[PDB]
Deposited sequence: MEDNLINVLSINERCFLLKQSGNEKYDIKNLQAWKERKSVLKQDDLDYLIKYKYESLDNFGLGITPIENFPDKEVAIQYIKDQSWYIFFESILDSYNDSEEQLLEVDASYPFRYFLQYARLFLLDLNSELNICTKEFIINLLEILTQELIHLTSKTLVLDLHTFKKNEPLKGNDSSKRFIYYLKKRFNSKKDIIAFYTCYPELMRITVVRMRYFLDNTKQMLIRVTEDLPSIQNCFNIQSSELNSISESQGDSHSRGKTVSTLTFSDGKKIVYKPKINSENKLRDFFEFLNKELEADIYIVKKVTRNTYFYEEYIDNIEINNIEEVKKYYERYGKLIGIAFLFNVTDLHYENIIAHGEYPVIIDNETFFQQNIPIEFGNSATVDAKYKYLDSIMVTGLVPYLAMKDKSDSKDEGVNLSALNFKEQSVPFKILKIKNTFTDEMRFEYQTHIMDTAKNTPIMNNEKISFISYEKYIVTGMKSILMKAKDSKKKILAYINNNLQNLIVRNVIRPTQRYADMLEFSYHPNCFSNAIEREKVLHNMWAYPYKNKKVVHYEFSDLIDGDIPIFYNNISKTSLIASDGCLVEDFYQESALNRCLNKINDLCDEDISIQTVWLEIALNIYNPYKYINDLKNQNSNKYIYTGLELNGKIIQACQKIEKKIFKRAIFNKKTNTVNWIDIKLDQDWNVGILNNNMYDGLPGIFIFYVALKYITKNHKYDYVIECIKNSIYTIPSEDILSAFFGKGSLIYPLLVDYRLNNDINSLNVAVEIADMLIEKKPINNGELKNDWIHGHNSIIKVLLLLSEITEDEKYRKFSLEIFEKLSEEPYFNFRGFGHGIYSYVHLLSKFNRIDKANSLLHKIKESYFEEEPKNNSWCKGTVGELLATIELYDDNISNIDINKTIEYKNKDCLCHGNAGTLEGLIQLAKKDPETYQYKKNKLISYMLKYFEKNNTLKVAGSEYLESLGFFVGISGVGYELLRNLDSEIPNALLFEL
């Protein structure tokens, strides 16, 4: 069975050498149809670059006994370094059974364990650097590795436990029998064995050589290692693992056998402490070329509440620092709370770049990049909790201090651009950092699957299980060859990067050139160079949202606007003030616009509400999405000008047409929300095209319900004469019950929207019957709702909100109406409201809407696009009343 250890390439080679090439073909078909997530392109990639061709692969897949020249294949296997090493381990073993530990289930590996023990004894007799306890610990670690590796195989190799171990593993040949039964388990076992011996020997030689520096740096009096522990299953670069080492005086260091730049990082942190008052805890290290030793950092108790505030401020600072220098993979679980200091113990992932995954080329995926450029990607934003009187102190009621910590770092750094940029260029151009290009858990899962008895019975089978790695959407898949090589080798893949280059350094030191397009160094220089108040502001929002302390109105509530200052504008100068205000609104919108020059698309990042407030990208819903901004530019075009706004309205149409949206039958949410604004675009400007698109969509309680969609359907009939729509809505309205979906008393979220439909479906009087059987201020609930469907001074009063949905612009629609029905009573009150809104606009340089500084809601119903729209309607009533869709 030994020939089953052969890999596809190895099988392919021997067959060619056997004077053979015509492979069965039938088993290629048997392989080609198996459950796989590999797409055709993936398969094409793998077949060509891992194997020469599809023929070779077909040849390399030949099963067991169908194999010619078995002896010459066996001789090939027996010539392999790992096979020879397996022989030596078997032949070296000794009959005695009285020295090595009896805490068992490790019976199967006693051969490996003894061989490891004698190797370690011989080594220490030379080095004199550890004790017998330490060697005991080392063997437990090897034992646990072999246990874990072979366990899945054990459970099925059955088909009280000591009986099977006694039986199945009793003699030399009987152990050879189990390993020849699973010859891929045998190969990897010996591979892991060799790694274990080499890494331990290498470790012990390093500690012996580095000892005077270790003693001096860490104030350790002892000259002998006594204990090794905490060896996480996370191994890299030929079985290398982090370990905690305890000396015979009880003092501990952490051994990290990793490529590193710890000396540059220390000088960097010191710079940051001086320049940015970063107050980073500097962890003591003895740094060497391809490894380092680190100070053992424990979770020491914090003394008082005054220190807890300091702790969480410092935490906010670390977040600011992580943002500024593109830190990823930090993980807030893993911070060590060292008294009043949060301590990072892994800092190998500064200066990162986005993984070159495949994404579309729209403005709306480019908009996704700004999240990947935020505080959220650092790993630091929710042994890591401070502890006071055996009590864990979470961030609850300390959120404020984290926010302040972060803000102060970002503000100070903004003022220190040139010093930061000069440091980086002076000291860090060749920084080597790690890149996690695929999450560890994915790699871990893959490895476990590859440990299936079926993978261990036939290398070919293990190889195929790993073939799945080729499914991942890397732009450059040349990297997967290296992941595969770590994983068959039994390791988690690991990659490094010099921050000024665009290549990846693979686990064996090989380069993958042109992996990145821009260097990590430049990405950070620019972020630093470009750092502005707007960025600080959005990072504060992200954070406050994450800490669950975001207030959508905090920003407007905290403005000081005085009492008796500024007054009512005259008819003529009020028109001049409206246009200026709409230009201010447009410009606020454009400044936050994300353009993609390539596809002529645009999108925005904005704070939006969906049960909670979250930062998001604008999608196709009327309430707070892209149709909102669309209709506003439409209206602004109706006046003037063509230029500027043409090359933006196209971009907006491109996005709305071509993004993940619904087919839903609704006038809010999904492509069905695009109807009205397209009709309005048709009715105000020429554009048949918007009407063309408008009709295409149509073929497929007011908010959230159907009421609104019924209403726009009627608009369609009207503009196209085609009564297929009026009947469409009739059907829906006939089954639509009389009770409102919500108990509120308004339009959109109450009974008044239903009312309006009846007086559109001709059937008045019976509309008045509901108006009869019942007998704040907003359009959505409240009286402006009631007003527009059909105590005036209450409903027309100024409020400290400006939006359409439940603010002054909605009130302004009520006034626009009343002042048409009765100019003498209302034309002045109307101009009063407009003037108050414009005056506060001017003074505050913002409108009274949800959001934060530099980040006003952009939406139609709660944002500034609707306010601009309403203001424009006042200038020309040809702009229809969107509030009830006309």
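*Asks:* Compare what was deposited with what's modelled and send me the C-alpha-less stretches, numbered from 1.
*Replies:* No coordinates exist for the deposited residues in 1 to 3, 163 to 177, 401 to 454, 773 to 786, 862 to 870, 886 to 896, 993, so these stretches are absent from the model.
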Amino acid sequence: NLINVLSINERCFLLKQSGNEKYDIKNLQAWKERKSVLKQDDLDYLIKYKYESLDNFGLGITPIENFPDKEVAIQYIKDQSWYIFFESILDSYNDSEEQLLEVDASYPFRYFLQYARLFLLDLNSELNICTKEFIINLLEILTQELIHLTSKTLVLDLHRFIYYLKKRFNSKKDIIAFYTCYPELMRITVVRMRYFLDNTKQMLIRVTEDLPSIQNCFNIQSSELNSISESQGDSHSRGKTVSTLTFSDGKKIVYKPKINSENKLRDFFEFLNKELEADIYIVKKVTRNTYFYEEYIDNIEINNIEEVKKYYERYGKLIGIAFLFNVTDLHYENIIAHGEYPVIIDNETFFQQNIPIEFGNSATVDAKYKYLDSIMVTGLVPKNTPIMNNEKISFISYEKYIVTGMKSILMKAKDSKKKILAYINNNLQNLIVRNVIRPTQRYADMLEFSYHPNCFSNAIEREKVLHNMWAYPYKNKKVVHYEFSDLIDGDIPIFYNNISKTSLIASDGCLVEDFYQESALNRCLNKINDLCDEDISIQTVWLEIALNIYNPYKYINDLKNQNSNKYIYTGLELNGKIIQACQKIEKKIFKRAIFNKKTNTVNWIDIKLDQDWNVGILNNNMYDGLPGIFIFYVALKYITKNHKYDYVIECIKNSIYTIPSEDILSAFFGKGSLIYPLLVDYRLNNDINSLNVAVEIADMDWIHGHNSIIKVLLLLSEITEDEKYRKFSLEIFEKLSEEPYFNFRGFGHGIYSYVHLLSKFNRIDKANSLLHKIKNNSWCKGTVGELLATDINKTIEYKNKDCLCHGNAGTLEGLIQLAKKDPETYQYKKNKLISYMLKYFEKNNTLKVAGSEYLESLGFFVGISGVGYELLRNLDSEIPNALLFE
From here on, numbers count along this sequence of modelled residues.
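*Asks:* Once you work out the mean C-alpha B-factor for both 467 to 475 and 567 to 575 from the entry, which is higher?
*Replies:* Per the PDB record, 567 to 575.
*Asks:* Averaging the C-alpha B factors as listed in the entry, name the stretch that ends up higher: 872 to 880 or 16 to 24.
*Replies:* Stretch with the higher mean C-alpha B-factor: 16 to 24.
*Asks:* Checking the record values for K801, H756, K591, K256, which has the greatest CA B factor?
*Replies:* Going by the entry's C-alpha B-factors, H756 comes out highest.
*Asks:* Between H338, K166, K417, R117, which one tops the list for Cα B-factor in this entry?
*Replies:* Of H338, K166, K417, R117, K166 has the highest C-alpha B-factor.
*Asks:* Relative to the other modelled residues in the chain, which third contains the C-alpha temperature factor of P68: lowest, middle or highest?
*Replies:* It belongs to the highest third of the chain when residues are ordered by C-alpha B-factor.
*Asks:* Can you work out whether the C-alpha temperature factor of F728 puts it in the lowest, middle or highest third of the chain?
*Replies:* As the PDB entry reports it, the C-alpha B-factor of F728 lands in the highest third of its chain.
*Asks:* Which third of the chain holds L855 when residues are ordered by C-alpha B factor: lowest, middle or highest?
*Replies:* Lowest third.
*Asks:* Give the position of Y638 by CA B-factor within its chain, expressed as the lowest, middle or highest third.
*Replies:* It falls in the top third of the chain.
*Asks:* Considering only modelled residues of the same chain, in which third does the CA B-factor of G379 rank: lowest, middle or highest?
*Replies:* Lowest third.
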